[PDB]
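Asks: Kindly generate the corresponding structure for this input.
(6 chains)
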There are 6 protein chains.
Amino acid sequence: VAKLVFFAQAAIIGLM
Amino acid sequence: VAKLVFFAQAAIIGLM
Amino acid sequence: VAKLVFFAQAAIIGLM
Amino acid sequence: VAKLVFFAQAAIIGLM
Amino acid sequence: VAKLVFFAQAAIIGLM
Amino acid sequence: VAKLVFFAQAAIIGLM
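Replies: Numbers count the residues shown, from 1 in each chain, chains lettered A, B, ... in the order given. Below is the structure:
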């Protein structure tokens, strides 16, 4: 987004 | 929440 | 913030 | 691995 | 450890 | 490094 938005699903994904 | 939320409690705790 | 807010731009910066 | 390992692939991928 | 070592267990813990 | 290495000292710094 830069901002890092973190999700977990297990892999962690940080999207910009 | 899964959206991962980070807290600096020191140890870092990532909460869902 | 203590909630952590992550930024990237390189290197990542987590600001409380 | 769980030990969390971070990769900057951009998106950040935390792998176990 | 400073170095942040990340573990997952689900909560993520980053220990110094 | 791209593997990410996190440091804290405040704010967190992730170095590739």
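Asks: Name every strand pairing with the longest strand seen in chain A and say which way it goes.
Replies: Across chain A, the longest stretch assigned as strand under DSSP state E is strand A:3-8. Taking DSSP bridges as the criterion, strand A:3-8 forms sheet pairs with strand A:12-15 (antiparallel), strand B:3-8 (antiparallel), strand C:3-8 (antiparallel).
Asks: Take those strands and lay them out in JSON lines including mean neighbour count.
Replies: In this view, the C-beta of every residue, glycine as well, is placed from N, C-alpha and C. Putting the strands paired with strand A:3-8 into JSON lines (neighbours: other CB atoms under 10 Å in any protein chain shown) gives the following:
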{"stretch": "strand A:12-15", "mean neighbour count": "18"}
{"stretch": "strand B:3-8", "mean neighbour count": "17"}
{"stretch": "strand C:3-8", "mean neighbour count": "17"}
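Asks: give the contact list for the residue in chain A that chain B sits nearest to.
Replies: Distances from chain A to chain B, computed as CB to the nearest CB, single out residue A:6 as the nearest residue at 3.8 Å. In this structure, residue A:6 makes contact with A:12-14, B:3-6, B:14, C:6, D:12, judged by CB atoms under 8 Å, 6 or more residues apart in numbering or on different chains.
Asks: which of those residues sit farthest apart?
Replies: Across these, no pair lies farther apart than B:5 and D:12, at 15.5 Å, counting by CB to CB.
Asks: Residue A:1 - nearest residue in space that isn't next to it in sequence?
Replies: The spatially closest residue to residue A:1, leaving aside those adjacent along the chain, is residue A:16, at 5.7 Å (CB to CB, 6 or more residues apart in numbering or on different chains).
Asks: List the residues that contact that neighbour.
Replies: Residue A:16 is in contact with A:1-5, C:8, D:10-11, counting by CB under 8 Å, 6+ apart.
Asks: Now do the contacts for the spatially most central residue of chain A.
Replies: For chain A, the residue nearest the mean C-alpha position is residue A:14 (2.0 Å; CA atoms, centre = their mean). Residue A:14 makes contact with A:4-7, C:6, D:11-14, according to CB under 8 Å, 6+ apart.
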